[PDB]
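For reference, the chain that follows is the form deposited in one PDB entry, supplied as C-alpha cells.
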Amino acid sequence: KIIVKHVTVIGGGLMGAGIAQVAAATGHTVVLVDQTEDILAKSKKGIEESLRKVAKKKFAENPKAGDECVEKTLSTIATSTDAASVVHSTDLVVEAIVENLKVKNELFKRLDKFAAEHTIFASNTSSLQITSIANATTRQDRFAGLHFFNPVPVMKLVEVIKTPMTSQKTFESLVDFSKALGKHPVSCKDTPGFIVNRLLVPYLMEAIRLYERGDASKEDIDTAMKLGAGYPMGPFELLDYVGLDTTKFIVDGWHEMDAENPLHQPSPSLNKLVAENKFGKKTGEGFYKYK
C-alpha cells in the first residue's frame, strides 16, 4: 500500500480551502492551488482565521499552545499557481473548482502528464459524473470521487465514489485517507447526487413545491420538520444555508438529464430568487432575510 502523505488541493474556494485545512491539521503535507498569488493569500488567510477560531476554543486557557497548534498546521500548507508544477511528487490530487466539465477535463488531462505513476486523482464535484471526468485521462484506475461537505473542518462525512474503472487499490487508499483526515468514509456508485444530495436535495425541492402550492407557510414547514422530524434546520433555513444558486444549479443538471422526471421540475420561486440575486445567507437573503 501507498499511504497518502502529500496532497495537492486544487481550488482556493470554500471547499478546497477546508479540504486543505483538514489535511494539514492531520499531518498531511499540502499544496493549495489557484490562479493568483492574491487569491491564494486570501484563501490561506481564511484558513488561518478558521484555525485560530478553533484554537482560541480548544486551548482557550493556554494561548501559546493554541498559537503553536495553528502555526504547525499553517506551515505544512504551501501554495502554487500551476498544479502541474507539484503533482510529479504528490500522492493525491483533490479538485474543487468551477463545476464545468470542459474546465475540469482540461485540468486533469494535463495533470495526467505530470503526476507520478502512483498519484491518485479525485474530484469533489457535486454536479458531474466522476466517470465523465476520469475519461479525460488514461489513469481511470487511479481516479475517483471524494465528496466532502461544508463546513469541511466540521462535517465528518466523506463520500468515496468509485467508477466502474476505479481499482480496489485506489478505493482503499481513499478510504484510509478519509479516516486519516478524521472523517468517516461511505461508499456509493457514480450516480447523480451520490447519497446525501441524492436524498437531501429532492426533499428540499418538495418543501418548496408544497409551499408554492400554498399548503403551508415556510415558517411552519421549517417548524414541522425540526420538531416533527428532529432536523437541525427546517428545509427553507437549510436552502438559504447551502445556497439557492448552488441548489438550483444541481437540480437544473438533473432536470436536463431527465426532463420527463417530475422530481427535477424547476421551481418558479427558486428561479425567481436566484434571478433576483438572493442566494440565501451568502447574500444576506434567500427565502428569508438576514442581518
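Start at 1 with the first residue shown and count on from there.
- Averaged over their C-alpha atoms, the temperature factors of 70 to 78 and 139 to 147 are higher for 70 to 78.
- Per the PDB record, of the two stretches 196 to 204 and 85 to 93, 85 to 93 carries the greater mean B-factor over its C-alpha atoms.
- Comparing C-alpha B-factors across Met233, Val242, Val30, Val54 in the deposited entry, the largest value falls on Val54.
- Sort the chain's modelled residues by C-alpha temperature factor and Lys226 lands in the lowest third, per the entry.
- For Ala275, the recorded CA B-factor ranks within the highest third of the chain. Only modelled residues enter the ranking.
- Ranked against the other modelled residues of its chain, the C-alpha B-factor of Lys104 as given in the entry falls in the highest third.
- Annotation for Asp220: CA B-factor lies in the middle third of the chain's modelled residues.
- The entry lists a Cα temperature factor for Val251 that places it in the middle third of the chain's modelled residues.
Below, we refer to the form deposited with a small molecule bound, which is not included among the displayed structures.
- Only one of the listed residues (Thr125, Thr90, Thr166, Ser173) places a non-hydrogen atom within 4.5 angstroms of the small molecule in the entry with it bound, and that residue is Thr125.
- Residue contact with the small molecule in the entry with it bound: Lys162 places no heavy atom within 4.5 Å of it.
- Proximity of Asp141 to the small molecule in the entry with it bound falls outside the 4.5 Å heavy atom cutoff.
- Taking non-hydrogen atoms only, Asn261 never approaches the small molecule to within 4.5 angstroms in the entry with it bound.
- Looking at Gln35, you'd find a heavy atom of it within 4.5 angstroms of the small molecule in the entry with it bound.
- Of the stretches 70 to 78, 144 to 152, 175 to 183, 206 to 214, only 144 to 152 has residues with a heavy atom within 4.5 Å of the small molecule in the entry with it bound.
- Taken together, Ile39, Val98 and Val103 are fully in contact with the small molecule in the entry with it bound: each brings a heavy atom within 4.5 Å.
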